[PDB]
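Note that each Cβ is placed from the backbone with ideal geometry, even for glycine, and that neighbours are counted across all protein chains shown. Just so you know, all these numbers are worked out from the coordinates, no wet-lab data involved.
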Amino acid sequence: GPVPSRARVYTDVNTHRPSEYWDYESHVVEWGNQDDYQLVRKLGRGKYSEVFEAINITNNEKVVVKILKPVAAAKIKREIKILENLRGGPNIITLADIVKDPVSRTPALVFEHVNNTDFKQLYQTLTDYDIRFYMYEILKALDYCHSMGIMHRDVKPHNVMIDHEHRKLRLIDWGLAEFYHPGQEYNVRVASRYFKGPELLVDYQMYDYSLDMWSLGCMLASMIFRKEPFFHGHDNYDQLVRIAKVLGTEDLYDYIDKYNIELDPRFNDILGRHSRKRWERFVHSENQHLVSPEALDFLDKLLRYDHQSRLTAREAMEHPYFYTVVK
Ligand SMILES: CCc1ccccc1-c1c(Cl)cc(CNCCc2nc3ccccc3[nH]2)cc1Cl
């Protein structure tokens, strides 16, 4: 069977802290008043929630309200516990209140408002310096949640709010977040297809905090190479083939062999044999302004098949790519 794995960092955080910290099912939710909030407009609807711009009447301040769908209403305690544990942490969205929505009869989470800069504008106009600055801000959020025994499991551009005017970044949508317990087998159906780590794609359940690091590398590659998404799989199987066309198949087989993972036999007809490509292959006149040897070295240390061989968020903060960032 599969060889077990554990994180090389923050393995003992959950054991060290009291059970109340991670036993979310035991947590009693203290409800606020739904009447304090007036919904202004629907911002979006996903598979588990609907998000709205709203106003807190008591202080006349804008807030964001997430109304959970019944299909998500079960594992709401997990998100609530995670949000309360991380509250006040660097660049973590602040959960301001929890109320019962009178219409859906489900919990509605109230968050601090972030005046988001248009997402196309940011992708199109952020400079090399701004990319390093914001990547450093995401690393502060990731090292914080990992040091708190939590893995986000859904890192992607959509889950990162940026108010560029105020150089303000928040990591949002902790609905897929889970506490990391060494030796636990987790569901591999997490994150979004283009951001899924090879561990998920090969069905390796004993993953840790390092999955967030792969997703972060996918974001960086997309941004610096002007290729959205960087690994553009047609489905979850083709997603691994797209990664293997860049990282090569020999290192993929070395990874699955290390953990005694057996690939799904459907890969026999589609994976092929591919050499590892040099990152310089993806550089062109339209992205040269965002690429540097330091960017490529940093990306190379995140986009590794072996989850245990990726940079951790705290080590990544001291990488030369961030030396230019004002600290
Ligand atoms: C390509 C990802 C990336 C790589 C390197 C540096 C920055 C980014 C980035 C960009 Cl360009 C744009 C955004 C903006 N994302 C907005 C997401 C969002 N806006 C919302 C507004 C309302 C509700 C949810 C929302 N989620 C986030 C990041 Cl990390």
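In region 224-327, the inverse of the mean reciprocal separation of distinct Cα atoms equals 15.5 Å; this is its Kirkwood hydrodynamic radius. As a calculated quantity, the FRET efficiency between residue 128 and residue 20 at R0 = 45 Å, using C-beta atoms, amounts to about 0.50. One quarter of the convex hull surface built on the alpha carbon atoms of the chain amounts to 17.5 nm², the projected area averaged over directions. Between residue 283 and residue 309, the simple label model (points 7 Å from Cα in the Cβ direction) yields a spacing of 2.3 nm. Quick one: what does P(r) look like for region 23-113 with 10 Å bins over all Cα pairs, in whole %? Computed distribution, short to long bins: 17, 51, 30, 2. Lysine pair count for region 41-112 (Cα-Cα distance under 16 Å; residues 8 or more apart in sequence or on different chains): 14. Here the dipole of the chain is about 500 debye; that uses its Cα centre as origin and unit charges on the Cβ of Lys and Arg (positive) and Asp and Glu (negative). Summed over qualifying helices (DSSP H, 4 residues or more, each -39500 (n - 2.57)) and divided by its residue number, the chain shows a 222 nm mean residue ellipticity of -9000 deg cm²/dmol.
Between residue 262 and residue 300, the FRET efficiency estimated from the beta carbon spacing at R0 = 22 angstrom works out to 0.20. May I ask you to derive the FRET efficiency for residue 58 and residue 166 from their Cβ-Cβ distance with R0 = 25 Å, giving the value to the nearest 0.05? E(calc), rounded to 0.05, equals 0.60. Positive end of the dipole of region 66-113 (Cβ unit charges, origin at the Cα centre): among 98, 70, 80, the Cα lying farthest that way belongs to 70. In this Cβ point-charge picture (+1 for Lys and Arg, -1 for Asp and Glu), region 1-101 has a dipole of about 560 debye about its Cα centre.
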